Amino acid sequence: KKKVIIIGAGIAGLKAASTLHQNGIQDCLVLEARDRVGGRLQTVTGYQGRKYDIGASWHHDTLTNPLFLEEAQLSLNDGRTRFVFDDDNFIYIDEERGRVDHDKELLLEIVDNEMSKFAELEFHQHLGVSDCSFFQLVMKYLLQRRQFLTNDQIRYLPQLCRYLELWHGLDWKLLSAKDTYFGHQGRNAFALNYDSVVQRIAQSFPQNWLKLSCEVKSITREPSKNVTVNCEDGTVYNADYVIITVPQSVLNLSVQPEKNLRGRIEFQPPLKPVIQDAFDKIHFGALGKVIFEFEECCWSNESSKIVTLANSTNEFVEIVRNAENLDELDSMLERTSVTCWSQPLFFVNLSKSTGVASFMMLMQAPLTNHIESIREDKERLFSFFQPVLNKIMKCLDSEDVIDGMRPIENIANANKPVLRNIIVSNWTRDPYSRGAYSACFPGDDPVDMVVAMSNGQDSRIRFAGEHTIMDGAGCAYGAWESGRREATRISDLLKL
């Protein structure tokens, strides 16, 4: 039947089909479980046709990102704007204090810088079976350096640096301090429609290759040198090769009993031991998103980066100043319910960088699942997030946010910000994502997963996806790369 069958039509599978096509391979299929292409790339339409990337949103590592360069070379030719560089001076807001960023007395970014360097030291060339929760690492720093920090620095620095949760979508007690501090190949570029990247790659191979709304339920290497793919609807396929691009979290279901779990793939012979073992040394984070769409911007556009700090206390300073050592420090902090001030929140002020009166808010586990479980209660959401939204507005030279999500406009706003809609992501609940992207807990190492994935179940069952490659690991451009990788190798093999 089919020369190559690609499972999943995310950026991996799409690039893999595109490469297959580019090398002259025909009779390939792309089988996608969702009713759209793009996977964790998803541009959503909200109020008055504004568009948002509820999935991946930036090109990272833009000095070296081979996908981004590709995009830049297009913009160099047709002049149009595919991305904007929106790195900015973060505006940091504590509920009580207001703006703590760029402070003459607080100097929070400076000691943040010291803690990052402290972290790079505490790990690189020493090992010692280190690794601890990003939280544990920050406590260590606070112990070693308390003599050289003010009380406010001890209060507010540990909250400010929790902006790092939104890089992985994990709370700092779940984040590997090791993974917390990784370099970045340069500025970030906010994609002005990642769906246009998807569109570009998807229309670059025959559309009759793409079969939509077709979950795959099993894959079997009849040792007679072909691969049986069995879709859920019952259609079965005879494939020379298979490129499986299902998310890491999805593939993980393959190595547990009970196969009803939607998205799982039954492997016969099952995933070989060097594959199953890697799931122990790498996990999945829950970065989530919330879009607040306002009628029009009536707040300062000083910056597109605004992070609200979780509440901090005078007695956290005291406990720090008292502990003899880290065990005493960890133990003393034994001292509820969740609000919007209970964790850091990352707000992209789109009005400055794309001219659209909306905020793009990032959130993390454990908050992400809870907020995603109530994504349709738009009134709950307005209640939960109203406090930080007003603190933002007030620090941004505006006023409290009016709930204008159902009709009846009073006409007297003009300088009051009016919320018209909220969009929420769903990746934790969507059975075909089951989290955000690869992310490690303390004591993980992607290296095992990469190796296992990159070299295949056998020569016929291959793997692509953001979890399957070292450079750009967890990023859309790694996924992309991993695609071109598998397809290039198969292209050379078919091309006889």
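Superpose the two forms; the largest set of C-alphas matching within 1.5 Å is the rigid core. Residues carry their position along the shown sequence, with the first being 1.
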Between 278-286 and 260-268, the one drifting more in C-alpha RMS in 8 other deposited structures of this protein once the core is aligned is 278-286
244-252 versus 323-331: which one's CA atoms end up farther from this form in 8 other deposited structures of this protein after a core fit? 323-331
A119 coordinate gap across at least a third of other entries: no
Other compared entries missing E409, a third or more: yes
Can you count the deposited residues that have no coordinates between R335 and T336 and report it as none, 1 to 3, 4 to 9, or 10 or more? 4 to 9
Mean temperature factor over C-alpha atoms, higher-scoring stretch between 126-134 and 238-246: 126-134
Could you settle it for me: does 108-116 or 321-329 have the higher average Cα B factor in the PDB entry? 321-329
Among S353, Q159, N226, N390, which carries the highest Cα B-factor? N226
Can you pull the Cα B-factors for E95, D152, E222, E295 from the entry and say which is highest? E222
Cα B factor band for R462 (lowest, middle or highest third within the chain): middle
In terms of its chain's C-alpha B-factors, the third that includes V451 is the middle
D61 by Cα B-factor - lowest, middle or highest third of the modelled chain: lowest
What third of its chain's C-alpha B-factors does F267 belong to: lowest, middle or highest? highest
Select lowest, middle or highest to describe the third in which the CA B-factor of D444 falls within its chain in this entry. highest
